[PDB]
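One structure below.
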Amino acid sequence: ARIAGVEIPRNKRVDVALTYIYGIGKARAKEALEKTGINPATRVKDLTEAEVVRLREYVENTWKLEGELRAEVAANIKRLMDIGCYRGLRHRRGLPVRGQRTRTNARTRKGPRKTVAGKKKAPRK
Amino acid sequence: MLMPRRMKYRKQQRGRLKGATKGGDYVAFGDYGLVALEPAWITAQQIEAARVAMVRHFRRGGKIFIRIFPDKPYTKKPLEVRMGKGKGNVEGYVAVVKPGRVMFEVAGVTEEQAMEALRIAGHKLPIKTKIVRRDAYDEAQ
Amino acid sequence: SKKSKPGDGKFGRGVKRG
Amino acid sequence: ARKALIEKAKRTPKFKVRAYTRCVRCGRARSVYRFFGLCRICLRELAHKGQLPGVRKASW
Amino acid sequence: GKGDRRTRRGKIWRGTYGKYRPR
RNA sequence: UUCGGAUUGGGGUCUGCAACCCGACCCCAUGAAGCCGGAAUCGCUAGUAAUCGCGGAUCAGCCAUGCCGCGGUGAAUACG
RNA sequence: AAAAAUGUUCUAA
RNA sequence: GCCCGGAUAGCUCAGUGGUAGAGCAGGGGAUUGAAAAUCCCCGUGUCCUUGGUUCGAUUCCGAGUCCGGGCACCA
RNA sequence: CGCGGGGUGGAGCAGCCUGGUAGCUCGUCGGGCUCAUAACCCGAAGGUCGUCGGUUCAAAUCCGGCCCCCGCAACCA
Ligand SMILES: [K+]
Ligand SMILES: [Mg+2]
Ligand SMILES: [Mg+2]
Ligand SMILES: [Mg+2]
Ligand SMILES: [Mg+2]
Ligand SMILES: [Mg+2]
Ligand SMILES: [Mg+2]
Ligand SMILES: [Mg+2]
Ligand SMILES: [Mg+2]
Ligand SMILES: [Mg+2]
Ligand SMILES: [Mg+2]
Ligand SMILES: [Mg+2]
Ligand SMILES: [Mg+2]
Ligand SMILES: [Mg+2]
Ligand SMILES: [Mg+2]
Ligand SMILES: [Mg+2]
Ligand SMILES: [Mg+2]
Ligand SMILES: [Mg+2]
Ligand SMILES: [Mg+2]
Ligand SMILES: [Mg+2]
Ligand SMILES: [Mg+2]
Ligand SMILES: [Mg+2]
Ligand SMILES: [Mg+2]
Ligand SMILES: [Mg+2]
Ligand SMILES: [Mg+2]
Ligand SMILES: [Mg+2]
Ligand SMILES: [Mg+2]
Ligand SMILES: [Mg+2]
Ligand SMILES: [Mg+2]
Ligand SMILES: [Mg+2]
Ligand SMILES: [Mg+2]
Ligand SMILES: [Mg+2]
Ligand SMILES: [Mg+2]
Ligand SMILES: [Mg+2]
Ligand SMILES: [Mg+2]
Ligand SMILES: [Mg+2]
Ligand SMILES: [Mg+2]
Ligand SMILES: [Mg+2]
Ligand SMILES: [Mg+2]
Ligand SMILES: [Mg+2]
Ligand SMILES: [Mg+2]
Ligand SMILES: [Mg+2]
Ligand SMILES: [Mg+2]
Ligand SMILES: [Mg+2]
Ligand SMILES: [Mg+2]
Ligand SMILES: [Mg+2]
Ligand SMILES: [Mg+2]
Ligand SMILES: [Mg+2]
Ligand SMILES: [Mg+2]
Ligand SMILES: [Mg+2]
Ligand SMILES: [Mg+2]
Ligand SMILES: [Mg+2]
Ligand SMILES: [Zn+2]
């Protein structure tokens, strides 16, 4: 429960452990460490509680994160379905949003295959 | 046809038919009624025969109140059997009806229209009957 | 009863209109 | 839809983007080579006649 | 890998440049 | 997972009269399935297969991971 | 010295 | 006289309370050289009458009509 | 309302006796092999157990009533 709500894994370097926080990919971890003067290569269990509270303060306040980011993402999707735009309908039906083909792919968006019967070939004779 | 939805016991001993009706002796709901003058077990079939006669006489108009209910199971052995071997099987339901019981009422219809309908109703029934209209004695109860 | 395939039920002609 | 589309591609359009090649020999919209002004078929036809300067069936 | 636009590898694949592979 | 880079949020760039349906690209964030694939099944006998990147036609742009070429590195095995 | 059944009608250009 | 059962499309029949299916007959599409077959589409109806329950009945309950049948000396 | 048995995926059978579990063969659907069909091989789906009521913490399973389906019996007179 260290930062923000996330207990970032000890035994890994800081720059990587920071990524385990919803809202921080590799590039933001590069900033916070430069903008607060901690070695990017210090294993997390090896941070002074001076560095911890230093990093925690900047991280928690520069950008928005784990639970709040999730809520803003949710409000945007929520917004699109309300106005009833095209991207809104594709979120309702759970289909792709960015123009992909749906004839034959989209399993990330569609789910496991719900196999149904096919048109029968005629018999001979 | 009328009958209880559930019963605590399937078969009931045969009644007695002494005395004036326990209650239901005053017009309660409608303007005109049909009163028993003799005791009887009135059948579900008889009750439905009186009801449909009045319904067709009103040509669906007005209101009809059935103030008896055939809750009593009526048992009967198969034909041509001997006595014994337990009680016969339930074959229908009767309503016990003693003199002074208001069995049916009508409302929302002409006096003349009520009178006729209750007369016809009475011809379906195995007892002498009487037609009544709601007096202040009825409202005093 | 118009241009190409599928057929519109008239011989030779299809459903597509111009 | 052939001849009125031979003409239309010639007409200068309402917008730059609506320009497109056609074979000048046969009218084909597809597979039109800029160097020749010709579709890939007419190309192969006129080539084999030697009516195409310097063009020769490659091999290597 | 080549599908990773965010690496010098994925820019070599899509034939593009940027922060993750300048020129 | 510093494997994988699908999906989705946001913010830009460009071509184009115009990128909602329906473009490519960039950056932040997100970071799915996938742990080597059932029955079955394809290619290749040498500078070949495998692996690496480069170019061109079409073309404003591009859905090219396609196609036609180009060289780098460079095997295994054939009893019959 | 043989595991393993079958191929609708008319037409044979 | 009394008991049971059937009545739904042009024909043969499904159907368990919100006026409905099939097959087959006919036509068209796909398929084919053209058929057969297979797949799709189209027209089919007061669901026999009458009363009742129900907001609502082809559907549940009763009757009627027509058809189809069932009763049983006797020691 | 003489006696007996039965009602469970689409078909035919287990499970019940002994309460906690639904099973087997075919069939259906998807994919292989084949020029193609069949056989064959790899996967998948489908039954709240006739019905209503009770007992139980829990009912296909135990107990009652109803519907339906087979079977057996009806002698002396
Ligand atoms: K004897
Ligand atoms: Mg993260
Ligand atoms: Mg699409
Ligand atoms: Mg056949
Ligand atoms: Mg007695
Ligand atoms: Mg007295
Ligand atoms: Mg009384
Ligand atoms: Mg009293
Ligand atoms: Mg009696
Ligand atoms: Mg009695
Ligand atoms: Mg007795
Ligand atoms: Mg009795
Ligand atoms: Mg009388
Ligand atoms: Mg009077
Ligand atoms: Mg089509
Ligand atoms: Mg036109
Ligand atoms: Mg163009
Ligand atoms: Mg062109
Ligand atoms: Mg990763
Ligand atoms: Mg990576
Ligand atoms: Mg976006
Ligand atoms: Mg677009
Ligand atoms: Mg691993
Ligand atoms: Mg492999
Ligand atoms: Mg060779
Ligand atoms: Mg590779
Ligand atoms: Mg290329
Ligand atoms: Mg191009
Ligand atoms: Mg696309
Ligand atoms: Mg043999
Ligand atoms: Mg045969
Ligand atoms: Mg008679
Ligand atoms: Mg009848
Ligand atoms: Mg036909
Ligand atoms: Mg048609
Ligand atoms: Mg044809
Ligand atoms: Mg034809
Ligand atoms: Mg009726
Ligand atoms: Mg009926
Ligand atoms: Mg069954
Ligand atoms: Mg068995
Ligand atoms: Mg057993
Ligand atoms: Mg058991
Ligand atoms: Mg099973
Ligand atoms: Mg199959
Ligand atoms: Mg052939
Ligand atoms: Mg086969
Ligand atoms: Mg039972
Ligand atoms: Mg139970
Ligand atoms: Mg129970
Ligand atoms: Mg159980
Ligand atoms: Mg004897
Ligand atoms: Zn040409």
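Values below: all heavy atoms of this structure, side chains included; hydrogens, waters and symmetry mates excluded. Lettering follows sequence order; numbering is per chain, from 1.
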Look at the side chain of [X] against the base of [N] and say whether a donor-acceptor pair falls under 3.5 Å; ignore hydrogens and angles.
{"X": "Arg124(A)", "N": "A36(I)", "result": "yes"}
{"X": "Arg6(E)", "N": "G31(F)", "result": "yes"}
{"X": "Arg98(A)", "N": "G9(F)", "result": "yes"}

With rounding to whole Å, what would you report as the distance between [N] and [M] at their [atom1] atoms?
{"N": "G6(I)", "M": "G15(I)", "atom1": "P", "answer": "11 Å"}
{"N": "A45(I)", "M": "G50(I)", "atom1": "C1'", "answer": "25 Å"}
{"N": "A49(F)", "M": "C70(F)", "atom1": "P", "answer": "13 Å"}
{"N": "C13(H)", "M": "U58(H)", "atom1": "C1'", "answer": "15 Å"}

Would you mind classifying the nucleic acid contact of [X] as base, sugar-phosphate or nothing, using non-hydrogen atoms under 4.0 angstrom?
{"X": "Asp4(E)", "answer": "base"}
{"X": "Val81(B)", "answer": "nothing"}
{"X": "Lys16(D)", "answer": "sugar-phosphate"}
{"X": "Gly118(A)", "answer": "sugar-phosphate"}
{"X": "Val17(D)", "answer": "base"}
{"X": "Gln45(B)", "answer": "nothing"}
{"X": "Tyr86(A)", "answer": "sugar-phosphate"}
{"X": "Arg9(E)", "answer": "sugar-phosphate"}

Is the phosphate of [N], meaning OP1 or OP2, less than 4.0 Å from a side-chain N or O of [X]?
{"X": "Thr21(D)", "N": "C59(F)", "value": "yes"}
{"X": "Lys2(E)", "N": "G5(F)", "value": "no"}
{"X": "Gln100(A)", "N": "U8(F)", "value": "yes"}
{"X": "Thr16(E)", "N": "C26(F)", "value": "yes"}
{"X": "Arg87(A)", "N": "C22(F)", "value": "no"}
{"X": "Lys114(A)", "N": "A45(I)", "value": "no"}
{"X": "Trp60(D)", "N": "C70(F)", "value": "yes"}
{"X": "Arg14(E)", "N": "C25(F)", "value": "yes"}
{"X": "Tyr20(E)", "N": "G5(F)", "value": "no"}
{"X": "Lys11(E)", "N": "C27(F)", "value": "yes"}
{"X": "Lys125(A)", "N": "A36(H)", "value": "no"}
{"X": "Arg113(A)", "N": "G30(I)", "value": "no"}
{"X": "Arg6(B)", "N": "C52(I)", "value": "no"}
{"X": "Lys77(B)", "N": "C1(I)", "value": "no"}

| query | Cation over ring, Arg70(A) on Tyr22(A), under 6.0 Å and within 45°? | reply |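 Yes, cation above the ring, under 6.0 Å and within 45°.
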| request: Measure from NZ or CZ of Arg23(E) to the centre of the six-membered ring of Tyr17(E) and say whether it is under 6.0 Å with the direction within 45° of the ring axis. | output: yes
| task | Could you tell me whether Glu48(B) and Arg51(B) make a salt bridge, using a distance below 4.0 angstrom between a side-chain N and a carboxylate O? | result |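 Yes, this pair counts.
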| said: Under a 4.0 Å threshold between the charged nitrogen and the carboxylate oxygen, would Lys128(B) count as salt-bridged to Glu38(B)? | reply: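 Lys128(B) and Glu38(B): not salt-bridged.
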| note | Here the distance between atom P of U2(F) and atom CG of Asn11(A), to the nearest Å, is 12 Å
| request: Let me know, please, whether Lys119(A) or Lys11(B) comes out on the 5' side of the other along RNA chain I by nearest nucleotide. | output: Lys11(B)
| request: Please work out whether the ring planes of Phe29(B) and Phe65(B) are parallel, tilted or perpendicular, with thresholds of 30° and 60°. | output: parallel
| field | Complementary nucleotide of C54(F), counting Watson-Crick and G-U pairs under 3.5 Å | value |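 Paired with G69(F).
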| message | Quick check for you: among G52(H), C59(F), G31(F), whose closest atom lies nearest to any side-chain atom of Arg34(D)? | response | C59(F)
| task | Please collect all ring pair (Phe, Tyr, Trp, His ring centres under 6.0 Å) contacts where either partner lies in residues 122-141 of chain B, sequence neighbours excluded, each pair once. | result |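 Residue pairs with at least one partner in residues 122-141 of chain B: there are none.
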| Taking 3.5 Å as the limit for both distances, would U34(I) and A11(I) pass as Watson-Crick or G-U wobble partners? | no
| field | Residues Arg22(D), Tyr20(D); criterion side chain to side chain donor-acceptor pair (under 3.5 Å); working and verdict | value | CA-CA 7 Å; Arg22(D) 285 196 178 276; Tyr20(D) 63 99; 2.8 Å; yes
